[PDB]
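Below: the structure, in structure tokens.
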Ligand SMILES: Cc1nnn(C)c1-c1cnc2c3ccc(C(C)(C)O)c(F)c3n([C@H](c3ncccc3F)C3CCOCC3)c2c1
Ligand SMILES: Cc1nnn(C)c1-c1cnc2c3ccc(C(C)(C)O)c(F)c3n([C@H](c3ncccc3F)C3CCOCC3)c2c1
């Protein structure tokens, strides 16, 4: 719901997630080629990462907060859909999502 919440998502939510030790694989799109993952983009049709979210927040792409929250949803959900439970990347996405939930509770 406009600018204040979107700035809170940039300055508080994204910043806290970005600075976490577990952030680095989510800071840029999944490079399925470098990672030797032939079926990533056969399974994942809507890729999403925090680098893209950061750019969208910085260039006023979003109409409202919820559209940004959907991008965070897509990023966490893609990871859960593609990978097995117990995979390290899933545990990292789960810990980032826990931190995301702690921050979006104080959403103005
Ligand atoms: C998947 C997958 N599903 N959702 N996401 C977000 C990812 C994903 C995205 N980016 C990366 C990534 C980027 C660079 C490098 C190196 C090479 C260090 O520059 C990696 F290693 C990377 N790996 C590893 C990785 N995952 C799967 C297969 C091979 C592989 F290396 C993770 C192995 C477990 O600990 C964390 C990193 C990623 C996994
Ligand atoms: C409640 C509640 N009462 N009725 N309904 C239907 C919901 C409801 C149901 N599903 C979701 C949901 C699913 C995944 C993810 C992530 C984590 C992105 O995958 C969410 F964020 C989600 N949130 C957020 C949310 N709501 C409340 C507390 C935490 C929280 F994150 C909304 C915050 C405002 O913008 C829209 C999403 C939901 C709220």
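No value in this document is a laboratory result; all are computed from the given coordinates.
If you fit an axis through the alpha-carbon atoms of helix 88-103 and take the longest principal axis of the Cα set of the chain, what angle between them do you get, 0 to 90°, nearest 10?
Approximately 10 degrees, to the nearest ten.
Using only helices, what value at 222 nm comes out for the chain when you add -39,500 (n - 2.57) per DSSP H run of length 4 or more and divide by the total residues, to the nearest 500 deg cm²/dmol? Mind dumping the intermediate values first?
On the way: 6 runs with 58 residues, N = 108.
Counting only the DSSP helices, I get -15500 deg cm²/dmol.
Hey, what angle do you get for helix 65-82 against the long axis of the chain, alpha-carbon based, 0 to 90 degrees rounded to 10?
20
Kirkwood Rh, the chain, all Cα pairs: how many Å?
Working: mean 1/r = 0.0702 Å⁻¹.
When all Cα pairs of the chain are included, the Kirkwood radius is 14.2 Å.
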